[PDB]
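Notes for the one structure printed next.
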Amino acid sequence: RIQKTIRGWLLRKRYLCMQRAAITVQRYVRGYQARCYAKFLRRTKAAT
Amino acid sequence: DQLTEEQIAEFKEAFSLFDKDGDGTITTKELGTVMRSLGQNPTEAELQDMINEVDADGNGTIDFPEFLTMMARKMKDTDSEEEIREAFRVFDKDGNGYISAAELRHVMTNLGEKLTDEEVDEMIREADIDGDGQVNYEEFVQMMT
Amino acid sequence: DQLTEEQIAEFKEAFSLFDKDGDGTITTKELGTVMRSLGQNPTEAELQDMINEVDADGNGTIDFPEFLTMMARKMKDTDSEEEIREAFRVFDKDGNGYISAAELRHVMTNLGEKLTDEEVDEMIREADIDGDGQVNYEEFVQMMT
Amino acid sequence: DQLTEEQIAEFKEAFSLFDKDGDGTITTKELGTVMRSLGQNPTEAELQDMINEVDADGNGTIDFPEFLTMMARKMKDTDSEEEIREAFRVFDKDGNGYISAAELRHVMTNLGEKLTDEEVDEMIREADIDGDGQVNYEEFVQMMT
């Protein structure tokens, strides 16, 4: 029951950290894409 | 209000990590991995018997609805704080809620089916341990349930 | 009530792309894009919360001083490289120095903040990757820095 | 003040270059030509917006008063005096006010509404370019005015 509990909690904590890390990268990626699209928009407006 | 459709949404999230072909199905080989990622706590033999009840080859697959059957099967048989406290309490030399950090390593890595070097290193880095003395286990009961 | 003067200049620089009439206001749909243009990387959730501090209308707009006086009450903290580099070191736990593009595709699509296939295809295209699919996460960060 | 008789005479002369019957109509293809001959400054997409009221495939016909109706609204729109400086600000090589010839090829031939080969020749001869090079945008705006 102890070994089961520790092993369970370590996997629970690792899943939570993995989801937090994923969100942390994904928000930055979606931010970089938003900045690249803003860069595209100012450049295409300007050239036109 | 457990096992409502809200809780099943994160069960679909965690299942979708292992449905790599994207067809509503996962392998038996990671069934324990997803269940413990969702924080439900089966033993090794229990998980293996639940797999071999589905297939005597052990090597197979389970669809999302029957994965929810397996989640519900474990949820019917859930522990309690006092049942987990009982498990620590048989090792309490004093009777005050404290256990030796030496005998804890004997319980983790020599007794039972055992925790690996990686599980030990990860837990010991967070717990910050440098010694063998008495340490509070009521914290473990609360934090790991 | 304001951000410090040097940040007001960068906010005016950003806002100029999203005004369409020359009259100092923005239609409600542009609000998320202008914020992410600053360099700050709010979640979808943070943008949905922020609307409740703004008091937007689908029959209205957000003026430059309305937006700025919201930010003067609270803004998102500064996102720096090492946060993202540490996030990659969660996935590469054994210290191999790389991540499979296929695993990265699946995880970035089907978990957490959930990039759509359009967002994921362009994300994989902006990365540096060795000749069998091994993503060089350090160089990808450097190319955004 | 709008529409003294002499204004209508000058604008009708510019149109009378293109009508080859004297019936008061032209092909839709020359609508941009007469408009820009008088120095009016629409985009191709702005001409296209109007042409969707009248043309089945870009080969139709249009009266003088229809052209003059579009011109009457375009004559109250802004001269782009601020707008063209905001545009050139993006394509400066180093921040001293000087557009690079490399960026200028992408501005001529990739971004937006573009330019065709035999009128890119015109800009190369206007700028005296025989290799790598540059141009000041305040001076070039003054020349295009």
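By convention here, the chains of the structure tokens are called A, B, ... in the order presented, each chain's residues are numbered starting at 1, and ligands are numbered starting at 1 in the order presented.
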Could you name the residues that touch residue B:18 at 9 Å or less, counting only C-alpha atoms, but leaving out those on the same chain fewer than 6 positions away, as a compact mmCIF listing (two decimals) with C-alpha atoms, in the first residue's frame?
```txt
# COMPACT_ATOMS: atom_id res chain seq x y z
CA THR B 25 -8.16 3.05 -28.67
CA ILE B 26 -4.99 2.58 -26.48
CA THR B 27 -2.62 -0.40 -25.82
CA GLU B 30 0.38 1.89 -20.86
CA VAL B 34 -2.63 6.68 -17.82
```
Using only C-alpha atoms, which protein or nucleic acid residues come within 9 Å of residue D:12? Drop anything in the same chain fewer than 5 positions from it, and give the result as a JSON list (two decimals) with N, CA and C atoms, in the first residue's frame.
```
[["chain", "number", "residue", "atom", "x", "y", "z"],
["D", 7, "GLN", "N", -14.01, 71.76, -63.11],
["D", 7, "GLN", "CA", -13.62, 70.46, -62.52],
["D", 7, "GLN", "C", -14.14, 69.30, -63.38],
["D", 17, "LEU", "N", -10.14, 60.31, -73.44],
["D", 17, "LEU", "CA", -9.00, 59.58, -74.00],
["D", 17, "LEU", "C", -9.30, 58.09, -74.25],
["D", 64, "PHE", "N", -19.13, 57.04, -67.58],
["D", 64, "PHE", "CA", -18.53, 58.22, -66.94],
["D", 64, "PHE", "C", -19.12, 58.59, -65.56]]
```
Legend entry - Test item: chain C residues at most 12 Å from chain B, counting only C-alpha atoms, as a ChimeraX atom specification: /C:93-94,102-114
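Here is the contact set of chain A against chain B, at 9 Å and counting only C-alpha atoms: residues 1, 2, 3, 4, 5, 6, 7, 8, 9, 10, 11, 12, 13, 14, 15 and 16 of chain A.
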Take the residues that were just selected and, keeping C-alpha atoms, output them as an mmCIF file, in the first residue's frame.
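Just written: again07.cif:
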```cif
data_model
loop_
_atom_site.group_PDB
_atom_site.id
_atom_site.type_symbol
_atom_site.label_atom_id
_atom_site.label_comp_id
_atom_site.auth_asym_id
_atom_site.auth_seq_id
_atom_site.Cartn_x
_atom_site.Cartn_y
_atom_site.Cartn_z
ATOM 1 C CA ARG A 1 0.000 0.000 0.000
ATOM 2 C CA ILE A 2 2.962 2.403 0.701
ATOM 3 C CA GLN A 3 4.883 1.490 -2.545
ATOM 4 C CA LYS A 4 1.587 1.749 -4.562
ATOM 5 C CA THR A 5 0.861 5.203 -3.038
ATOM 6 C CA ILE A 6 4.384 6.662 -3.661
ATOM 7 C CA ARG A 7 4.502 5.266 -7.277
ATOM 8 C CA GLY A 8 0.975 6.645 -7.931
ATOM 9 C CA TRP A 9 1.806 10.127 -6.513
ATOM 10 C CA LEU A 10 5.119 10.363 -8.487
ATOM 11 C CA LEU A 11 3.207 9.611 -11.759
ATOM 12 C CA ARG A 12 0.407 12.100 -10.739
ATOM 13 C CA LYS A 13 3.078 14.820 -10.027
ATOM 14 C CA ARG A 14 4.940 14.042 -13.326
ATOM 15 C CA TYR A 15 1.660 14.270 -15.367
ATOM 16 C CA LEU A 16 0.805 17.648 -13.711
#
```
Legend entry - Distance in Å - atom CA of residue B:142 versus atom CA of residue B:78: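 Going from atom CA of residue B:142 over to atom CA of residue B:78 covers 14.9 Å.
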Inset, instruction - For stretch 53-56 of chain C, list every protein, DNA or RNA residue within 12 Å, evaluated using only C-alpha atoms, and leave out those in the same chain fewer than 5 positions away; present the list as a PyMOL selection string. - result: chain C and resi 26-31+46-48+61-75
Inset, instruction - Report the distance between atom CA of residue B:96 and atom CA of residue B:134 in Å, rounded to one decimal place. - result: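 Computed distance, atom CA of residue B:96 to atom CA of residue B:134, equals 10.2 Å.
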Inset, instruction - List every residue of chain B that DSSP, applied to the backbone of this structure, assigns to alpha helix (DSSP H), and report them as a PyMOL selection string. - result: chain B and resi 5-16+31-37+44-52+64-75+81-89+101-109+117-127+138-144
Inset, instruction - Have a look at atom CA of residue A:36 and atom CA of residue C:126 and let me know their distance in Å, one decimal. - result: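 These atoms are spaced 10.8 Å apart.
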